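[1] Experimental structure below, sequence on top.
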Amino acid sequence: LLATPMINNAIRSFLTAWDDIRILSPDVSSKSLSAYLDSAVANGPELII
Amino acid sequence: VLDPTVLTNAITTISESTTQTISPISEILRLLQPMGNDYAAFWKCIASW
């Protein structure tokens, strides 16, 4: 972490600003990926009567 | 008696400009000089042979 402070300070601005990519990064809804899939099931027609 | 003020005293007297951001003396001085066990790895290697 050696840089003139003005330069080192500049890195923090860039580094954190891309930390808000990680607050909404890969979605933890891997179980609810099926709940994304479950939203399309109920508009299935009843073929079998 | 491996005394590390012989390696350090040769690198510290090379002259470099302080106006450069990345300073190639302070990198290698960070690389080796933090010291763990006064450099006893060398004895282990020799012991193992």
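    Cool, got the structure. Numbering: from 1, shown residues only, chains lettered A, B, ... in the order given.

[2] how far is the longest helix seen in chain A from where the chain is centred?
    The longest helix of chain A (DSSP state H) is helix A:5-17. The chain centre lies 23 Å from the centre of helix A:5-17; the measure is Cα atoms, centre = their mean, to the nearest Å.

[3] Next SSE downstream of that helix?
    Going down the chain from helix A:5-17, the next helix or strand is helix A:33-38, by DSSP states H and E.

[4] Give me the distance from that next one to the chain's centre.
    Taking the mean of its C-alpha atoms, helix A:33-38 sits 16 Å from the chain's own mean (Cα atoms, centre = their mean).

[5] Contacts for it, please.
    Contacts to helix A:33-38, defined as Cβ atoms under 8 Å, 6 or more residues apart in numbering or on different chains, come from residues A:27, A:29. The C-beta positions use only the backbone N, C-alpha and C, and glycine is treated the same way.

[6] So what touches the longest helix of chain A?
    A:1, A:2, A:3, B:21.

[7] what would those look like in a markdown table with secondary structure?
    A markdown table is the format used below for these (DSSP: H, G, I helix; E, B strand; the rest coil):
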| residue | secondary structure |
| --- | --- |
| A:1 | coil |
| A:2 | coil |
| A:3 | coil |
| B:21 | coil |
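
[8] quick check, nearest of the residues you listed to residue B:3?
    Each of the contacts of helix A:5-17 was checked against residue B:3 using Cβ to Cβ; the closest is residue A:2, at 26.8 Å.

[9] sorry, back to before: got a winner among the contacts of helix A:5-17 for most neighbours?
    With neighbours taken as other Cβ atoms under 10 Å in any protein chain shown, the top of these is residue A:3, carrying 13 neighbours.

[10] measure that one to residue A:12 for me?
    For residue A:3, the distance to residue A:12 equals 11 Å [Cβ to Cβ, to the nearest Å].
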